[PDB]
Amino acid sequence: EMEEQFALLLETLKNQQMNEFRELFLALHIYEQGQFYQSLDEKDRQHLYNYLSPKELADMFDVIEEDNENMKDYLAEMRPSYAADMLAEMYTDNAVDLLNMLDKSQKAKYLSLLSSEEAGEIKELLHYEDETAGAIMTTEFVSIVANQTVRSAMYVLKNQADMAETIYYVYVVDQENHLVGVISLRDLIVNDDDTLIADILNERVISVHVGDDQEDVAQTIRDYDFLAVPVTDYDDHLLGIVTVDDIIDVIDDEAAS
């Protein structure tokens, strides 16, 4: 089981077998990657930073509990530049959370190490009040325009949607980024290449307001059985999405409360 695999992994790590390590580590689901990593002593963590790129390390951090508390120093032991690149690769919702956990000093220092484009989304979402949709949503969603074909929509997905949180829902917006429709991937794939998105999209797209209370958001997810839900401002501008995996954590919090 888990034990066996981790043991082999620890050995490739010590013997500094970079490629063997990478193959094994990267074969693990990001949650298992997190457990393995959270078991390592400070020495082995360092080696690990040498065999994984900031993007790869970010995939794992996305799921490590930011309240862990051993944060601060996980990031501290990292070369500031490396940490910053890693924060810039995590999903925005997770990045914002990490930052709000570090001491007020670290937060600005790491944030300072990022370019304008790298910190852009992180800076917007930091503004949202804790426990509101804006505070638990993320920016990596897929949006397209109506007067496009499925062939065209499907091209974005295949060659231009690697950064997206999820592609299982495709949101349709107009030029001003107004949310005007939605189409699930499962409805999309069964349509002809030439069909126009505008002809098969759903006009009754359900969304929440960026200032709504997480509990209300959770209720929407609970009622509609959605794996994600779009977030907008009063003007209906698509700002982000809240995913079911995070809502579960929210639900866990409300209960324990």
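Each residue number is its position in the shown sequence, starting from 1.
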| request: May I ask you to compare 168 to 176 and 120 to 128 by their mean CA B factor in the entry and name the higher one? | output: 120 to 128
| field | Comparing 53 to 61 with 38 to 46, the one whose average Cα B-factor in the PDB entry is higher | value | 38 to 46
| remark: Residue set 90, 136, 182, 101, per-entry CA B-factor max assigned to 101
| Going by the entry, which of 24, 247, 18, 238 has the most elevated CA B factor? | 18
| message | Ranking every modelled residue in this chain by its Cα temperature factor as given in the entry, which third contains residue 152? | response | middle
| By the record's CA B-factor, is residue 95 among the lowest, middle or highest third of residues in the chain? | lowest
| task | Quick one: classify residue 225 as lowest, middle or highest third of the chain based on its Cα B-factor. | result | lowest
| Based on the entry's values, in what third of the chain does the Cα temperature factor of residue 146 lie: lowest, middle or highest? | middle
| task | Could you look up the Cα B-factor of residue 219 in the entry and say which third of the chain it sits in: lowest, middle or highest? | result | lowest
